[PDB]
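K.L.:
enclosed are the sequence and the experimentally obtained structure.
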Amino acid sequence: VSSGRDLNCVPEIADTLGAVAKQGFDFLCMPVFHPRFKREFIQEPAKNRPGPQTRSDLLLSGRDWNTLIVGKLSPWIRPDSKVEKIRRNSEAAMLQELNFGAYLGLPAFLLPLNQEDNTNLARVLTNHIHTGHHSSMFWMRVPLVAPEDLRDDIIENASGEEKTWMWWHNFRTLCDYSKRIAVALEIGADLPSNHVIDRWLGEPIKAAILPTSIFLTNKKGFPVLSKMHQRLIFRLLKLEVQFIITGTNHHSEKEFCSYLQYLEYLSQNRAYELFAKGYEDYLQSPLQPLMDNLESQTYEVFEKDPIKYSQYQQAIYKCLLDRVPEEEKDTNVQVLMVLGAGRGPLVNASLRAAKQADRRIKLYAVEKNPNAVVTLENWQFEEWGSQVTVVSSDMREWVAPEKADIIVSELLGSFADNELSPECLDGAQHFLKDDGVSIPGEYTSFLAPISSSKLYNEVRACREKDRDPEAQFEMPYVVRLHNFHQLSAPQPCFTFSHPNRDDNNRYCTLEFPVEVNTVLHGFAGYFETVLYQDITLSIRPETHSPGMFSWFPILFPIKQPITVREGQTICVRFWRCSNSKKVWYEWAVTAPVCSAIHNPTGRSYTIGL
Amino acid sequence: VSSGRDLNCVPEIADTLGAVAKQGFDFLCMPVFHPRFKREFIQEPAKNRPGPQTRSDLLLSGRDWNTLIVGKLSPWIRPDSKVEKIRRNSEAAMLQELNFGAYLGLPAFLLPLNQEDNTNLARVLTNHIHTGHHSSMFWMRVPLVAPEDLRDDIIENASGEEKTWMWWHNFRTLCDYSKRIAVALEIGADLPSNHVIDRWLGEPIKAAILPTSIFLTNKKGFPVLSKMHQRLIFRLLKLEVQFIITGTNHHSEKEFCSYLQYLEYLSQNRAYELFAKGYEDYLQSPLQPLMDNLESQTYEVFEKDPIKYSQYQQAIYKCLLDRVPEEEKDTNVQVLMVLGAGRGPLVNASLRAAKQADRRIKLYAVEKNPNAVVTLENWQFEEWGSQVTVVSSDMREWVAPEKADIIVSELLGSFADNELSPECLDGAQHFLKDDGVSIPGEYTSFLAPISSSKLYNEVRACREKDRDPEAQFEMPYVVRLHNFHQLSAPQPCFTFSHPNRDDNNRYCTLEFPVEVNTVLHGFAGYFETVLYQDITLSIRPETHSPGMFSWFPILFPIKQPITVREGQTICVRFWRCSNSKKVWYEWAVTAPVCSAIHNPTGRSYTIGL
Amino acid sequence: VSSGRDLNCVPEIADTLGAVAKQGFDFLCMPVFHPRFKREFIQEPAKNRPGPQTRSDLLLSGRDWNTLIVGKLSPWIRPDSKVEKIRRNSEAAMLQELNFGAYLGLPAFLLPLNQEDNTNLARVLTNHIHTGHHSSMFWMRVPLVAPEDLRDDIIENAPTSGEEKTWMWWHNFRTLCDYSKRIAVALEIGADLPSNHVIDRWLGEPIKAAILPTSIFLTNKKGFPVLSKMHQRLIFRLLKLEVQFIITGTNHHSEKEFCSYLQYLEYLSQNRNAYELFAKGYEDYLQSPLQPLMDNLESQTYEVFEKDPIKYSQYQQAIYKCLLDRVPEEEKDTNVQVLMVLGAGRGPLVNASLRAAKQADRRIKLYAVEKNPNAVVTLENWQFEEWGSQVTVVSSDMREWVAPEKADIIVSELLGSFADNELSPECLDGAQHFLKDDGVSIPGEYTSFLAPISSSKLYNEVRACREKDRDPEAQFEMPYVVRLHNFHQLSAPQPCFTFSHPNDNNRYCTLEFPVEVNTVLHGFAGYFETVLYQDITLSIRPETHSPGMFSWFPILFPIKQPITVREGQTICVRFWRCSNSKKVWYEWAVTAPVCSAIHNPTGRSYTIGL
Amino acid sequence: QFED
Amino acid sequence: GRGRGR
Amino acid sequence: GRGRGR
Amino acid sequence: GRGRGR
Ligand SMILES: Nc1ncnc2c1ncn2[C@@H]1O[C@H](CO)[C@@H](O)[C@H]1O
Ligand SMILES: Nc1ncnc2c1ncn2[C@@H]1O[C@H](CO)[C@@H](O)[C@H]1O
Ligand SMILES: Nc1ncnc2c1ncn2[C@@H]1O[C@H](CO)[C@@H](O)[C@H]1O
């Protein structure tokens, strides 16, 4: 855990950094100007106030300023005041403080969102961002609960929980979803419901702000947190936010190291996650193994998965037990064709499956990649021998010497058919015996609507020259989605079964009942596949095969985000389209508000046949 | 009136086109395939039906096909059928018919919008538009009233007015607001309210469909129309749509020339409109006289407005009468300073005013344009003489030899301050006497929210290379908006008064109560100006100075349209921003949903000081 | 030094890689297919040859392939053969070998440029680069001396552009391939070296490796590999570029092991200033010229200014000399010299003025004008804590400031890499009305210098500076502050623009550069010299460079299309310093030997904001 | 210390 | 160009 | 690249 | 940034 101390009083700054680093904090949120030093910018004599306006640069080194200090905007700066003089002084002072922080090169700046209307603050911030070159992040300091909702019931004659999120949403929408504007969330004593926290966790939260007043004390007098607070801390610790501790020491008998020590205690109290580490919210282009040739280092991460090939070997083992009785155990030889044999792993899985099933197989390893044919043929010379026949041909062009009993393939993508498993297996179906088996015999794709401001900003950041400016929103992305909110349960899109003894063009309509209020940002695509009868591989988040990491989910973005209310069903439509030369997907949201069909004619993304 | 005949039965095509032309119709809407000749594309034996599928190309000349025939889709083609075989056959047949119409080079093609779900139709159309090169227009045939609401109440045991507009809106949103997809509106017997007709009038209506069944019968027997229908025909004739007559001749005693002759009769019974003709929905860029030197033709366009210069002359007349009493007539010389003298129509207005007021003036004609100074100095040498002193300087940097009693300028734009009248008159008020007058005395800008889908497509079509791909939405456009819908009444944005004796930066928040469900597309800006006491020039659509075409409205687009419903209030913020170098505008919609702030730091549009 | 071993015989890949890394090499250049295993691709029966075509990719780890192996094209592959059958087979086999190297993820691939016509080689490589995704670099193996010019004179009836031949080969190859980032040079150094200007043209090229046969090594009195002094000088020049040295051939000194050829190169690497230490990490790295007038600099930007002590030593010495000159020793204690430091920064030039007046024992009343409101904070904390009433800190622009009195000396620090690209003339123009009529400006004068350069790497860096949402070729119309390192300078610098203070700042210069080599012009490098006071100068011109003074890198003005120049052909360039009330910019155009367009018309791609 |  | 526009 | 992505 | 460059 990495954490900081928010101080509003820094009498001398080097002493304060010393006293803050001794007690374990990693940065310090401090005001660059004096919080009570109101400046005047328009009227004399106070406009011409002499002397320095703030502290010198030279009190800390450049590395100290760039790494250790998070600036704060002064509390009197009120750019959305109803008084025009206060409003203009606050615009000028906000610009002065932001420019001084840019000059100091602070890594972050902390600005407050403590009311509904922050339009002028948004304009001054978005004009600072587009002026000059600077690299500060802007952590907008927004609470979980509005300050007028957690006040005591003391006054005798005087959107409830979705309120401050709408403050933040309006702010980040006025600033046009800037990459440099994020959230510093204040966690008070009164936590909101669970679905409010999910929207909050789908946002750009770089910091969490924990007052020392929300800490409750134990029998020994230390600061601890309630179980609901601890659960919120664990969810935030999954996002790797930093924790800012504000307020005074409410447990005076101890010292201020105790709050931080409790946070580290919860930090230590907190294979797919290890593999996916470093790839979270990192967009990738989906593989196209039919139109491109894969590097050996691409095949290595395939063969790094033991669960998928163990499941394939189990499916082949059960199929070989079914197709050959114990009486015909030796005089019956089953023809297997591994289609797209890769560098070996399905051929080895088939050999092991026939070895543990105690059945005889004649195996063909078909592979179009000549560079993988090199390693397949070295395997064949060195290990496999005459049992395996290595074919350097496309399965759709190959002329088989004899028909097959089982054809086994691994041509499934993250959305189960974006790597042309239907077309390839339909081409390879003619050398299958009339009672032959295809492994996998079944696969379905699943879609769920998601919200993620970070994923949307990465998709925008994928905008490239020499290209349509919104082609990036018409491409699926293989992404280990991490900082997102899923709006509804997944629901099956497309189903393909092999062999097909009957058109791979598909049209699906999916209605997702959204029981909460959200802002739809895209769709996540998963898949399930039945290899043989009860052997399945799934990346669906409720049926996910444990320990399997060969497939990250697919993201289908949408060009503009769609604001969704509670009780509003999201109706989306997906097409699997094709021609003689290429296959693509088209999608469109039709309810609650329509969007354009994304990727028409495959103009931004096709899969090459 | 350009009008067409919609036939669904064409036995011979040349004879029918001849008869249609004899009746007086300009085009003919006809089915390219036989409407009853349903075709199979998937199942044998009917997939292999021999012979020609339709008529020959050679039955009409090429120019006949490209100028005379509007194609129709066959009525059995339902791409959004719930039966998969029907909808796949209908996708294939719709593709076949659209490709045959593209091959025939038809100018237009009618497709029906007669049900709520038209997503697969939209996808097949969007894929046709993006496949191949072809330039036919697609007229989506949508009714004013849905057919389930026009049915008689004769069944014993068995959103109202805004249904089919939402059909059209969903369709055009799925197809991404294409320039090639427009509306053919069916006007039935029962006619909707006035505000339904206003959204419809804001749409790309290229044709209007008048069934012969909606025509009333007079005492002589000829077809006529109701008063509400006549009003709708007049509002559509303002848009220059083509009227399509459908159905059979219900007035069998008369010919079918009578339905056309009534429309010709209404056509022959329907200065600013003559000037603005040919400029409707044509986006210029606002002039910048301070940063760019104008042309002779620009000034000539200015000086063809007699109303504005008559108004300036009346203002100077009244000011000269006020500032000099009759007894001090021959001894008091009033220093007038014409700032930005142009080629000299304001100087002539001042001289004619001083003659009409019968007062003695010493006039200065300041002009920074070195090429209009040539015209001014030839005027001075020939006509004006020593009364007028021509200064070739900026009014801001010019050092006067005396103070001015009156300063007169024409520095106003379509938004009253986008040509930097405040900054120019600010630097030109130090050579004004302490009781000096400025004409114009003050000026206000007014904003109204508008919907116009054609204007949104025009702004999209302004996407220029080698710049931000969405920087065309952050520029005001001088536009004679014609095909639009004004959502609410104009409200004042910014007011500047001269002389300023007390910052030209401004901030306005305008809340527009909308009483109708609409889709906000931009903000139209007008201005009013008080030259002298009761002398005003206005381009506001209610207080417009009659026949005064100096200024078109200004248009501030928004990047994505904002859907609005009844009872909501559109809240928008407008900022006038400046620095030492530049002046610009920033805008953002804050209610009902937020938009981004448009033009931050003047990144897409500044006015040069 | 990083060094590799070129082997054309790898009987076992793991054993050979172990033995190569045992004796100190960092990579191994080896054939991925057997060099003699000629494959057939068109004609039967040899087209249908069975078995694996090459050895497996499972013999080394993936990281071993990605870091330790440089692949070689097979010697029989001649894609430019005059026989069509050999040409087609060699195209197919080139593609197969390149695709297998991409499959292996090799970091580099060696291809030979051993003949004049390599157009089909260039086409097959250009098509490989534009196909699929792969990251391998392509090292064109080109000799320093052509193979037909190294042969012995032992043919009785065939006795033996001579030196500029293989560079012409490489130039044609990389011009056909459109100056790819992924295509570089592996230079073969032979026994007989060419002239020194031939070696300069090569040193301005993307050389990523140097190939040293063991046959170019001489022998000691103790019997060890060594190289001649002309070879050692070539090695020392190549060590500046940080190339990798590839040892080819067999052990020609068989008494000692093959480690000795490597040990000599390690010896020479261990036997080859502060500017070079400061400039590391910044060589051939384009960055934008600073614009302090219209951009407020950060504090870390000022920190690297104050990190140069030589510039401020020189300013203090100039103020010292001026103070002695303007005040006689008899009038020492009663004359107050009003100094004005214009653009005072965060302090260092005011500190130089104070130290100068202390060592001159003179009395000064100093004004520190600065428009940066965030550096005024530093200046005013300086004044409160140290300076006191001697220094008056002004938060204004020198051009609009109203001084309470006139100055004796104005001192400014507004010089860029090209001496006027930061509007020092325009700023000091508006700061002359508060200078006394005998008043002195420091710097007194400054001149900019230009020299024509050649650099393929700089040209590719400028192309890589293309941005979206702007003119696709505007990157060639901006100057770049660059520690230009991998470049060839075609002629001596000549003075471009001179400004002198106190004094139209629009300028027009024509410079004719005599060329004595046969190169391709890529841009002009600009330097400056400034006279602060009498004999106190600051210069970044590479002949008169102030020692250890790293405040300024050279400026670079590119040209959109390279201009091929031959010997005895002067290059005539013309520079304009243009301006209006709002902006100042530069325009340039080469007019001889071949005209180019005027670069940056109206400042459409680059202006300096007033 | 860390006990709830 | 008409209406104060180019 | 991991998870079937480049 | 060094050598008067950003
Ligand atoms: N049509 C095909 N014929 C043979 N191998 C294929 C085909 N399509 C994909 N593959 C291979 O299938 C494996 C998994 O996608 C990869 O090795 C890929 O090269
Ligand atoms: N600062 C200025 N000084 C003089 N004429 C001006 C100035 N700004 C605009 N104009 C002139 O005003 C007229 C209308 O804007 C034009 O003739 C234009 O050239
Ligand atoms: N016109 C100006 N007036 C005052 N300081 C300036 C001016 N132009 C540049 N400077 C300052 O000069 C220094 C250039 O190194 C910077 O501190 C910069 O802020």
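P.N.:
Received, thanks. Residues are numbered from 1 along each chain as shown, chains lettered A, B, ... in the order given. Ligands and ions are numbered 1, 2, ... in the order given.
K.L.:
wait, a strand at residue A:87?
P.N.:
No: counting by DSSP: H, G, I helix; E, B strand; the rest coil, one finds residue A:87 to be helix, located in no strand.
K.L.:
what residues are up against the residue nearest to the spatial centre of chain A?
P.N.:
Centroid check for chain A by CA atoms, centre = their mean gives residue A:481 as the closest residue, at 2.3 Å. Residues counted as contacts of residue A:481 (CB atoms under 8 Å, 6 or more residues apart in numbering or on different chains) are A:280-281, A:450, A:452, A:455, A:524, A:552-553, A:555. In short, each C-beta sits where N, CA and C put it, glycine included.
K.L.:
same deal with residue A:88?
P.N.:
By CB under 8 Å, 6+ apart, the contact list for residue A:88 reads A:41-42, B:503, B:505.
K.L.:
scan the residues you listed and report the most crowded one.
P.N.:
By neighbour count, taken as other CB atoms under 10 Å in any protein chain shown, the most surrounded of the contacts of residue A:88 turns out to be residue A:41 (15 neighbours).
K.L.:
distance check, it against chain E.
P.N.:
Separation of residue A:41 from chain E (CB to the nearest CB, to the nearest Å): 35 Å.
K.L.:
which SS state does that residue fall under?
P.N.:
When states are read from three-state DSSP, the local structure at residue A:41 comes out as coil.
K.L.:
and which of the contacts of residue A:481 is nearest to residue A:222?
P.N.:
Using CB to CB, residue A:280 is the member of the contacts of residue A:481 that sits closest to residue A:222, with 33.5 Å.
K.L.:
any idea what that closest one is bridged to?
P.N.:
With DSSP bridges as the criterion, the beta-bridge partners of residue A:280 are residue A:480.
K.L.:
how many other residues sit next to it?
P.N.:
By the measure other CB under 10 Å, the count of residues near residue A:280 is 16.
K.L.:
residues in contact with it?
P.N.:
With contacts taken as CB under 8 Å, 6+ apart, residue A:280 has the following neighbours: A:480-483.
K.L.:
and chain A, which residues reach chain G?
P.N.:
The interface of chain A toward chain G, taken as CB under 8 Å from any CB of the partner chain, is made up of residue A:133.
K.L.:
which parts of chain A belong to which domain?
P.N.:
If the domains of chain A are taken from curated CATH domains, they occupy A:3-284, A:296-439, A:442-608, with pieces of a single domain joined by a plus sign.
K.L.:
quick one: closest of those to residue D:3.
P.N.:
domain A:3-284 (5.5 Å).
K.L.:
hang on, the earlier thing: tell me which two of the contacts of residue A:88 sit farthest apart.
P.N.:
Across these, the longest distance by CB to CB is 12.3 Å; it joins A:41 and B:505.
K.L.:
adjacent strands (with direction) for the helix or strand that contains residue A:447?
P.N.:
Using DSSP states H and E, the secondary-structure element containing residue A:447 is strand A:442-451. Paired with strand A:442-451 in the same sheet, following DSSP bridges, are strand A:485-486 (antiparallel), strand A:491-497 (antiparallel), strand A:518-532 (antiparallel).
K.L.:
what's the most buried one of those strands?
P.N.:
Per-stretch averages of neighbours, counted by mean count of other CB atoms under 10 Å in any protein chain shown, single out strand A:518-532 among these, with a mean of 24.
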